[PDB]
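Listing of structure.pdb; format and content: PDB, N, CA and C atoms and all ligand atoms.
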```
ATOM      1  N   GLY I   1       2.714  11.057  -9.822  1.00  0.00           N
ATOM      2  CA  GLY I   1       2.807  10.826  -8.393  1.00  0.00           C
ATOM      3  C   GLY I   1       1.446  10.683  -7.739  1.00  0.00           C
ATOM      4  N   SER I   2       1.219  11.448  -6.677  1.00  0.00           N
ATOM      5  CA  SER I   2      -0.048  11.399  -5.957  1.00  0.00           C
ATOM      6  C   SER I   2      -1.065  12.349  -6.582  1.00  0.00           C
ATOM      7  N   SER I   3      -1.709  11.895  -7.652  1.00  0.00           N
ATOM      8  CA  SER I   3      -2.705  12.703  -8.346  1.00  0.00           C
ATOM      9  C   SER I   3      -4.107  12.145  -8.127  1.00  0.00           C
ATOM     10  N   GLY I   4      -4.748  12.578  -7.046  1.00  0.00           N
ATOM     11  CA  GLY I   4      -6.089  12.112  -6.741  1.00  0.00           C
ATOM     12  C   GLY I   4      -6.329  11.972  -5.250  1.00  0.00           C
ATOM     13  N   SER I   5      -7.101  12.896  -4.688  1.00  0.00           N
ATOM     14  CA  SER I   5      -7.402  12.875  -3.261  1.00  0.00           C
ATOM     15  C   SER I   5      -8.004  11.534  -2.853  1.00  0.00           C
ATOM     16  N   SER I   6      -8.937  11.041  -3.662  1.00  0.00           N
ATOM     17  CA  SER I   6      -9.595   9.769  -3.384  1.00  0.00           C
ATOM     18  C   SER I   6      -9.696   8.923  -4.649  1.00  0.00           C
ATOM     19  N   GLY I   7      -9.166   7.705  -4.583  1.00  0.00           N
ATOM     20  CA  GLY I   7      -9.206   6.815  -5.729  1.00  0.00           C
ATOM     21  C   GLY I   7     -10.122   5.628  -5.509  1.00  0.00           C
ATOM     22  N   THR I   8     -10.854   5.247  -6.551  1.00  0.00           N
ATOM     23  CA  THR I   8     -11.776   4.121  -6.467  1.00  0.00           C
ATOM     24  C   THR I   8     -11.451   3.064  -7.518  1.00  0.00           C
ATOM     25  N   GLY I   9     -11.210   1.839  -7.063  1.00  0.00           N
ATOM     26  CA  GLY I   9     -10.892   0.757  -7.978  1.00  0.00           C
ATOM     27  C   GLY I   9     -11.916  -0.359  -7.934  1.00  0.00           C
ATOM     28  N   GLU I  10     -11.648  -1.436  -8.666  1.00  0.00           N
ATOM     29  CA  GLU I  10     -12.556  -2.575  -8.710  1.00  0.00           C
ATOM     30  C   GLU I  10     -12.208  -3.589  -7.624  1.00  0.00           C
ATOM     31  N   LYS I  11     -11.120  -3.331  -6.907  1.00  0.00           N
ATOM     32  CA  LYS I  11     -10.678  -4.220  -5.839  1.00  0.00           C
ATOM     33  C   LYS I  11     -10.666  -3.493  -4.498  1.00  0.00           C
ATOM     34  N   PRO I  12     -11.017  -4.220  -3.427  1.00  0.00           N
ATOM     35  CA  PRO I  12     -11.052  -3.665  -2.070  1.00  0.00           C
ATOM     36  C   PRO I  12      -9.658  -3.365  -1.531  1.00  0.00           C
ATOM     37  N   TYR I  13      -8.641  -3.865  -2.223  1.00  0.00           N
ATOM     38  CA  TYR I  13      -7.258  -3.652  -1.811  1.00  0.00           C
ATOM     39  C   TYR I  13      -6.488  -2.871  -2.872  1.00  0.00           C
ATOM     40  N   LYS I  14      -6.188  -1.612  -2.568  1.00  0.00           N
ATOM     41  CA  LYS I  14      -5.453  -0.756  -3.492  1.00  0.00           C
ATOM     42  C   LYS I  14      -4.448   0.113  -2.745  1.00  0.00           C
ATOM     43  N   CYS I  15      -3.222   0.168  -3.257  1.00  0.00           N
ATOM     44  CA  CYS I  15      -2.169   0.964  -2.639  1.00  0.00           C
ATOM     45  C   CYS I  15      -2.435   2.455  -2.824  1.00  0.00           C
ATOM     46  N   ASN I  16      -2.015   3.251  -1.846  1.00  0.00           N
ATOM     47  CA  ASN I  16      -2.208   4.695  -1.900  1.00  0.00           C
ATOM     48  C   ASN I  16      -0.907   5.404  -2.268  1.00  0.00           C
ATOM     49  N   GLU I  17       0.216   4.809  -1.879  1.00  0.00           N
ATOM     50  CA  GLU I  17       1.524   5.383  -2.167  1.00  0.00           C
ATOM     51  C   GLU I  17       1.749   5.495  -3.673  1.00  0.00           C
ATOM     52  N   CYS I  18       1.582   4.378  -4.374  1.00  0.00           N
ATOM     53  CA  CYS I  18       1.767   4.347  -5.819  1.00  0.00           C
ATOM     54  C   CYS I  18       0.425   4.405  -6.541  1.00  0.00           C
ATOM     55  N   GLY I  19      -0.554   3.671  -6.018  1.00  0.00           N
ATOM     56  CA  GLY I  19      -1.871   3.652  -6.626  1.00  0.00           C
ATOM     57  C   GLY I  19      -2.256   2.277  -7.133  1.00  0.00           C
ATOM     58  N   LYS I  20      -1.255   1.449  -7.412  1.00  0.00           N
ATOM     59  CA  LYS I  20      -1.492   0.099  -7.907  1.00  0.00           C
ATOM     60  C   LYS I  20      -2.590  -0.591  -7.101  1.00  0.00           C
ATOM     61  N   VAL I  21      -3.215  -1.598  -7.703  1.00  0.00           N
ATOM     62  CA  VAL I  21      -4.280  -2.342  -7.040  1.00  0.00           C
ATOM     63  C   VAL I  21      -3.938  -3.824  -6.945  1.00  0.00           C
ATOM     64  N   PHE I  22      -4.376  -4.458  -5.862  1.00  0.00           N
ATOM     65  CA  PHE I  22      -4.116  -5.877  -5.650  1.00  0.00           C
ATOM     66  C   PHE I  22      -5.409  -6.627  -5.341  1.00  0.00           C
ATOM     67  N   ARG I  23      -5.325  -7.952  -5.312  1.00  0.00           N
ATOM     68  CA  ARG I  23      -6.487  -8.786  -5.031  1.00  0.00           C
ATOM     69  C   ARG I  23      -6.591  -9.088  -3.539  1.00  0.00           C
ATOM     70  N   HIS I  24      -5.506  -9.599  -2.967  1.00  0.00           N
ATOM     71  CA  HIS I  24      -5.475  -9.932  -1.547  1.00  0.00           C
ATOM     72  C   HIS I  24      -4.627  -8.927  -0.772  1.00  0.00           C
ATOM     73  N   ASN I  25      -4.944  -8.756   0.507  1.00  0.00           N
ATOM     74  CA  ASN I  25      -4.212  -7.824   1.357  1.00  0.00           C
ATOM     75  C   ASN I  25      -2.744  -8.225   1.467  1.00  0.00           C
ATOM     76  N   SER I  26      -2.504  -9.499   1.760  1.00  0.00           N
ATOM     77  CA  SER I  26      -1.145 -10.009   1.896  1.00  0.00           C
ATOM     78  C   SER I  26      -0.225  -9.392   0.847  1.00  0.00           C
ATOM     79  N   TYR I  27      -0.663  -9.422  -0.406  1.00  0.00           N
ATOM     80  CA  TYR I  27       0.120  -8.868  -1.504  1.00  0.00           C
ATOM     81  C   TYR I  27       0.267  -7.356  -1.359  1.00  0.00           C
ATOM     82  N   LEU I  28      -0.757  -6.719  -0.802  1.00  0.00           N
ATOM     83  CA  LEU I  28      -0.745  -5.274  -0.605  1.00  0.00           C
ATOM     84  C   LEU I  28       0.245  -4.882   0.487  1.00  0.00           C
ATOM     85  N   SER I  29       0.074  -5.464   1.670  1.00  0.00           N
ATOM     86  CA  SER I  29       0.951  -5.176   2.799  1.00  0.00           C
ATOM     87  C   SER I  29       2.411  -5.414   2.426  1.00  0.00           C
ATOM     88  N   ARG I  30       2.690  -6.588   1.870  1.00  0.00           N
ATOM     89  CA  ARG I  30       4.046  -6.942   1.469  1.00  0.00           C
ATOM     90  C   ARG I  30       4.575  -5.967   0.420  1.00  0.00           C
ATOM     91  N   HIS I  31       3.697  -5.549  -0.486  1.00  0.00           N
ATOM     92  CA  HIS I  31       4.075  -4.616  -1.543  1.00  0.00           C
ATOM     93  C   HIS I  31       4.423  -3.249  -0.961  1.00  0.00           C
ATOM     94  N   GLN I  32       3.463  -2.643  -0.272  1.00  0.00           N
ATOM     95  CA  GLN I  32       3.669  -1.331   0.333  1.00  0.00           C
ATOM     96  C   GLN I  32       5.074  -1.215   0.914  1.00  0.00           C
ATOM     97  N   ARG I  33       5.654  -2.353   1.278  1.00  0.00           N
ATOM     98  CA  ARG I  33       6.996  -2.379   1.850  1.00  0.00           C
ATOM     99  C   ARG I  33       7.959  -1.548   1.008  1.00  0.00           C
ATOM    100  N   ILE I  34       7.943  -1.777  -0.301  1.00  0.00           N
ATOM    101  CA  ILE I  34       8.816  -1.050  -1.214  1.00  0.00           C
ATOM    102  C   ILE I  34       8.768   0.450  -0.942  1.00  0.00           C
ATOM    103  N   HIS I  35       7.665   0.904  -0.356  1.00  0.00           N
ATOM    104  CA  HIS I  35       7.494   2.318  -0.039  1.00  0.00           C
ATOM    105  C   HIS I  35       8.077   2.642   1.334  1.00  0.00           C
ATOM    106  N   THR I  36       7.466   2.086   2.375  1.00  0.00           N
ATOM    107  CA  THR I  36       7.922   2.316   3.741  1.00  0.00           C
ATOM    108  C   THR I  36       9.436   2.176   3.846  1.00  0.00           C
ATOM    109  N   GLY I  37       9.984   2.566   4.993  1.00  0.00           N
ATOM    110  CA  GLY I  37      11.417   2.474   5.200  1.00  0.00           C
ATOM    111  C   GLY I  37      12.089   3.833   5.213  1.00  0.00           C
ATOM    112  N   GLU I  38      12.326   4.363   6.410  1.00  0.00           N
ATOM    113  CA  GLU I  38      12.964   5.665   6.555  1.00  0.00           C
ATOM    114  C   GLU I  38      13.372   5.912   8.005  1.00  0.00           C
ATOM    115  N   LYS I  39      14.254   6.885   8.208  1.00  0.00           N
ATOM    116  CA  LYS I  39      14.728   7.224   9.544  1.00  0.00           C
ATOM    117  C   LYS I  39      13.557   7.396  10.508  1.00  0.00           C
ATOM    118  N   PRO I  40      13.758   6.973  11.766  1.00  0.00           N
ATOM    119  CA  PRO I  40      12.731   7.072  12.807  1.00  0.00           C
ATOM    120  C   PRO I  40      12.471   8.514  13.229  1.00  0.00           C
ATOM    121  N   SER I  41      11.214   8.936  13.131  1.00  0.00           N
ATOM    122  CA  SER I  41      10.833  10.295  13.500  1.00  0.00           C
ATOM    123  C   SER I  41       9.960  10.294  14.750  1.00  0.00           C
ATOM    124  N   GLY I  42       8.891   9.503  14.719  1.00  0.00           N
ATOM    125  CA  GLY I  42       7.992   9.426  15.854  1.00  0.00           C
ATOM    126  C   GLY I  42       7.750   7.998  16.305  1.00  0.00           C
ATOM    127  N   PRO I  43       7.573   7.813  17.622  1.00  0.00           N
ATOM    128  CA  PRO I  43       7.332   6.492  18.209  1.00  0.00           C
ATOM    129  C   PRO I  43       5.958   5.938  17.847  1.00  0.00           C
ATOM    130  N   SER I  44       5.940   4.932  16.979  1.00  0.00           N
ATOM    131  CA  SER I  44       4.691   4.316  16.547  1.00  0.00           C
ATOM    132  C   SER I  44       4.540   2.920  17.143  1.00  0.00           C
ATOM    133  N   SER I  45       5.560   2.089  16.956  1.00  0.00           N
ATOM    134  CA  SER I  45       5.540   0.724  17.470  1.00  0.00           C
ATOM    135  C   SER I  45       6.922   0.311  17.966  1.00  0.00           C
ATOM    136  N   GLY I  46       6.952  -0.421  19.076  1.00  0.00           N
ATOM    137  CA  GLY I  46       8.213  -0.868  19.636  1.00  0.00           C
ATOM    138  C   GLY I  46       8.031  -1.950  20.682  1.00  0.00           C
TER
HETATM  139 ZN    ZN W 101       2.492   0.731  -3.697  1.00  0.00          ZN
END
```
Take the structure in the file and give it back as structure tokens.
Amino acid sequence: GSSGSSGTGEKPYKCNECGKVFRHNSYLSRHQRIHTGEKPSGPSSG
């Protein structure tokens, strides 16, 4: 799971939820999606 307070990769774009690394942000943002998604707790955006 989340084993590592701070991770350093060879790419400027790396996921924190899983840890995987990507080349472009687009792929990162779209990917992170698989993580996000849950009941609304606090008002962030609307
Ligand atoms: Zn991820």
- request: Work out how far atom CA of residue 25 of chain I is from atom N of residue 12 of chain I, in Å to one decimal.
  value: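 Separation between atom N of residue 12 of chain I and atom CA of residue 25 of chain I: 9.1 Å.
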Open item on the list: Expand the PyMOL selection byres (((not hetatm)) within 6 of (chain W and resi 101)) into the explicit residue set it covers here, and present it as a list in words.
Closed with: residues 15, 16, 17, 18, 19, 20, 31 and 32 of chain I
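Computed from the coordinates, the atom N of residue 11 of chain I to atom N of residue 24 of chain I distance equals 9.3 Å.
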Edge lengths and centre in Å to one decimal, as lines of an AutoDock Vina configuration file, is what I'm after for the box along x, y and z that holds all listed atoms of segment 5-15 of chain I once 3 Å is added on each side.
```
center_x = -7.4
center_y = 4.3
center_z = -5.1
size_x = 16.4
size_y = 23.1
size_z = 13.2
```
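Among the candidates I:45, I:37, I:9, I:4, the residue lying nearest to residue 21 of chain I is I:9 (atoms considered: only N, CA and C atoms).
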#### Entry: Two-atom distance - atom CA of residue 33 of chain I, atom CA of residue 6 of chain I (Å)
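For atom CA of residue 33 of chain I relative to atom CA of residue 6 of chain I, the distance reads 21.2 Å.
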In chain I, what's strand (DSSP E or B) per DSSP? Answer as a ChimeraX atom specification? /I:13-14,21-22
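Every residue of chain I found in helix (DSSP H, G or I) when DSSP is run on the backbone appears here: residues 25, 26, 27, 28, 29, 30, 31 and 32 of chain I.
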Counting all atoms listed in the file, the residue among I:30, I:22, I:41, I:46 that lies closest to residue 10 of chain I is I:22
